[PDB]
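Trainee: Numbering (my numbering), first residue to last: 82 to 655. The C-beta atom is built at its ideal place from N, Cα and C for all residues, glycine as well. Have a look at this one.
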Ligand SMILES: [Mg+2]
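Next up, the structure:
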């Protein structure tokens with residue numbers, strides 16, 4: 082039914098530069114809208130639409146696991162078509178087309194904590210430079226799409242665009258138009274996988290250049306796992322639990338869709354504080370003027386006609402933006418620390434020390450944060466105070482917790498192995514005579530992510546094999562699949578084009594022991610396994626289906642090998 086959304090008033094946040102909309106006329110015209118809007122969204126404002134056109138498994142990994150596909154689909158979460166435009170628009174309306182809560186009483190306290198963190202980072206680490214070309218080359222996804230506004234340049238993917246060097250002039254053109262107040266290439270494209278939003282490739286490279294340094298501060302933070310591999314997370318979870326004794330690990334449903342323009346105004350305020358010069362601050366501020374006023378093209382289908390629909394929102398966070406992870410991590414830390422401080426009655430004059438202590442992993446409160454994922458660690462007495470009322474503050478901000486009633490008290494976790502962080506739990510695994518906590522999740526999810534993405538298909542599989550060996554060797558079916566992947570993929574591929582210490586053809590256990598025990602242990606035989614008794618549930622039961630797959634893996638490896646040079650890794654196991 083034909084709806085005309087009325088947005089609430091905007092928050093006015095003292096001490097912060099407002100994120101005024103840009104002049105979008107040029108960027109809107111670049112999308113070549115044809116018809117006036119239908120208006121069937123409740124929050125997003127439709128500007129117009131045009132007639133469009135309806136928008137596999139890696140062969141190496143996929144064939145290696147094929148004998149297991151049945152048990153993985155039945156007993157695990159492997160789960161294996163393109164989403165129709167009808168379904169795309171239905172999931173946009175269900176999940177994205179929801180107004181953020183702009184108006185609440187928490188901005189002054191949130192600002193205080195953003196300011197404290199910014200002053201701490203500046204005091205200890207200095208201000209933030211734009212990324213260098215070399216840093217940008219390390220961070221790009223070479224397989225990223227170009228965007229409708231860039232499709233008629235025929236680059237294929239980001240990697241080809243990057244190699245051509247043409248982006249150098251385009252990024253400067255993007256910058257100048259943006260700073261004029263009338264950007265080019267500022268309308269988001271979307272694809273369905275959830276719905277991924279992304280600016281054109283030139284805009285994405287500019288974002289990375291300006292805001293990509295935020296990751297460097299996060300690497301210094303004891304509440305962040307930025308730059309650290311998954312094999313380190315369990316020990317961090319254990320260390321945090323040992324100093325506290327109780328954990329609260331709650332997810333927000335659709336975190337990205339709930340971030341307000343008010344929260345974005347705070348992010349911008351903080352990041353301009355960090356910028357290296359005044360022009361950079363203006364660039365960051367102008368990027369956030371774009372972010373807080375997102376325009377995007379989403380598909381739909383009515384009466385058999387496929388539409389490309391131009392929609393305008395307010396606030397929210399787009400997923401296909403490289404700085405998003407770092408900005409999400411910071412805002413998740415601040416909103417969580419704020420709600421905890423207010424709920425526990427920590428006086429505001431102690432908030433600078435509180436944020437320093439969280440950052441230094443000192444005291445008996447700890448956080449671990451990655452994107453929208455967080456675990457809060459507290460002593461039992463404070464955990465009970467937190468669990469019974471901190472949700473009121475996040476509810477006030479629209480940060481509603483997933484899969485629980487609105488005012489349900491938080492579950493207090495007291496067993497380190499029940500803490501979920503970054504979609505894993507962590508179990509103690511023996512390396513020689515020491516213990517390290519290593520990640521586990523449903524093996525169907527592990528295998529699916531290793532399977533669903535030329536010589537880059539082979540290089541991609543090989544990197545999945547190296548990653549699986551490093552992170553999941555303690556799960557027997559994962560170590561086995563990893564060794565099979567490394568036996569069927571050829572030596573000499575460019576893995577770095579596709580995670581530096583171990584991205585090598587000559588990877589050996591000494592590299593893995595260096596990452597986990599700093600080389601106190603050695604050899605294949607000191608790489609631990611989970612106990613046989615626990616090989617069930619999320620892990621593959623070691624029955625005849627597993628054993629037959631293992632039996633036929635050497636033959637399958639020989640059949641999948643082609644003209645390359647290979648080594649036999651399956652003999653490293655049994
Ligand atoms: Mg969590």
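Which runs of the alpha helix (DSSP H) at least 4 residues long sit entirely within the stretch 283-308? Give them in chain order.
Mentor: Counting only runs of 4 or more, we get 295-299.
Trainee: Which of the three DSSP states is assigned to residue 506 in this structure?
Mentor: strand
Trainee: Cβ of residue 173 within 7 Å of any heavy atom in ligand 1?
Mentor: Result no, Cβ not under 7 Å from ligand 1.
Trainee: Suppose the cutoff is 7 Å on Cβ atoms and the five residues either side in sequence are ignored; what does the same chain contact list for residue 113 look like?
Mentor: 131
Trainee: Please list the terminal residues of the continuous beta strand (DSSP E) segment that includes residue 137.
Mentor: It is not in any beta strand (DSSP E) - residue 137 carries neither H nor E in the DSSP assignment.
Trainee: For residue 376 versus residue 349, is the C-beta distance shorter than 8 Å?
Mentor: It is not a contact, given that the beta carbons lie outside the stated cut-off.
Trainee: Just how far apart, CA to CA, sit residue 669 and residue 410?
Mentor: An answer regarding residue 669 cannot be provided, because it is not within the stretch 82 to 655 covered by the chain.
Trainee: Please report the straight-line C-alpha distance between residue 397 and residue 635, rounded to a whole angstrom.
Mentor: 50 Å
Trainee: Looking only at its own chain, which residues have a Cβ that is under 7 Å from the Cβ of residue 508, when we skip the five neighbours before and after it?
Mentor: In the same chain as residue 508, and ignoring 5 residues on each side of it, the C-beta atoms closer than 7 Å to its own belong to 498, 518, 519, 521 and 611, in chain order.
Trainee: Please classify residue 562: does DSSP put it in a helix, a strand, or coil?
Mentor: helix
Trainee: So, using beta-carbon positions, are residue 415 and residue 201 closer together than 8 Å?
Mentor: In this structure, residue 201 does not lie closer than 8 Å to residue 415 by Cβ.
Trainee: Ignore the nearest five residues each way along the sequence and tell me which others in residue 490's own chain have a CB closer than 7 Å to its CB.
Mentor: 468 and 469
Trainee: Which value, in whole angstroms, describes the spacing of the CA atoms of residue 571 and residue 539?
Mentor: 8 Å
Trainee: Does at least one heavy atom of ligand 1 sit under 7 Å from the Cβ of residue 398?
Mentor: no
Trainee: If you compare alpha carbons, which of 179, 103 and 93 is closest to residue 124?
Mentor: 179
Trainee: Please name the residue in 524, 550, 597 and 379 whose C-alpha comes closest to that of residue 662.
Mentor: No answer is possible for residue 662: it lies beyond the span of the chain, which begins at 82 and ends at 655.
Trainee: Taking the CB atoms as reference points, tell me whether residue 513 and residue 607 lie closer together than 8 Å.
Mentor: Taking 8 Å as the Cβ cut-off, residue 513 and residue 607 qualify as a contacting pair.
Trainee: Whole-angstrom Cβ separation of residue 328 and residue 510, contact assumed at under 8 Å?
Mentor: Actually they are not in contact, since the Cβ atoms of residue 328 and residue 510 sit about 20 Å apart, beyond 8 Å.
Trainee: What is the residue span of the beta strand (DSSP E) that residue 272 lies within?
Mentor: 270-273
Trainee: For residue 379 and residue 447, I'd like the C-alpha separation in whole angstroms.
Mentor: If you take the alpha carbons of residue 379 and residue 447, they lie about 40 Å apart.
Trainee: If you draw a straight line from the alpha carbon of residue 638 to that of residue 565, how long is it in whole angstroms?
Mentor: 7 Å
Trainee: Among residues of its own chain, excluding the 5 on either side of residue 106, which ones have a beta-carbon nearer than 8 Å to its beta-carbon?
Mentor: 263
Trainee: Using alpha carbons as the reference points, say which of 419, 169, 424 and 452 lies closest to residue 436.
Mentor: 419
Trainee: Starting from the C-beta of residue 627, find all residues in its chain whose C-beta is less than 6 Å away, skip the five residues before and the five after it, and write them out in chain order.
Mentor: 621
Trainee: Who are the near neighbours of residue 504 in its chain, counting only those whose CB is closer than 7 Å to its CB and skipping five residues on each side?
Mentor: 522
Trainee: With 16 other CB atoms within 10 Å as the buried threshold, where does residue 495 fall?
Mentor: exposed
Trainee: Let me know if residue 403 comes out buried or exposed under the rule of 16 or more other beta-carbons within 10 Å of its beta-carbon.
Mentor: buried
Trainee: Thinking C-alpha only, which one of 231, 321 and 188 is nearest residue 283?
Mentor: Of the residues 231, 321 and 188, the one whose Cα lies closest to the Cα of residue 283 is 231.
Trainee: Does the separation of the CB atoms of residue 580 and residue 647 fall below 8 Å?
Mentor: no
Trainee: Residue 159 and residue 529 look like a contact to me (Cβ under 8 Å); what is the Cβ gap, rounded to whole Å?
Mentor: At roughly 5 Å, the Cβ-Cβ gap stays under 8 Å, so residue 159 and residue 529 are in contact.
Trainee: Does the beta-carbon of residue 501, which I'm using as the reference point, lie nearer than 7 Å to any heavy atom of ligand 1?
Mentor: yes
Trainee: Which residue marks the beginning of the beta strand (DSSP E) containing residue 278, and which one marks its end?
Mentor: 276-279 is the span of the beta strand (DSSP E), which, as asked, contains residue 278.
Trainee: Is the beta carbon of residue 280 sitting closer than 8 Å to the one on residue 228?
Mentor: yes
Trainee: Among 285, 254 and 465, which one has its Cα closest to the Cα of residue 326?
Mentor: 465
Trainee: Nearest CA to the CA of residue 221: which residue from 330, 286, 373 and 140?
Mentor: 286
Trainee: Can you give me the Cβ contacts of residue 149 inside the same chain, cut-off strictly under 6 Å, excluding the 5 residues immediately before and after it?
Mentor: 630
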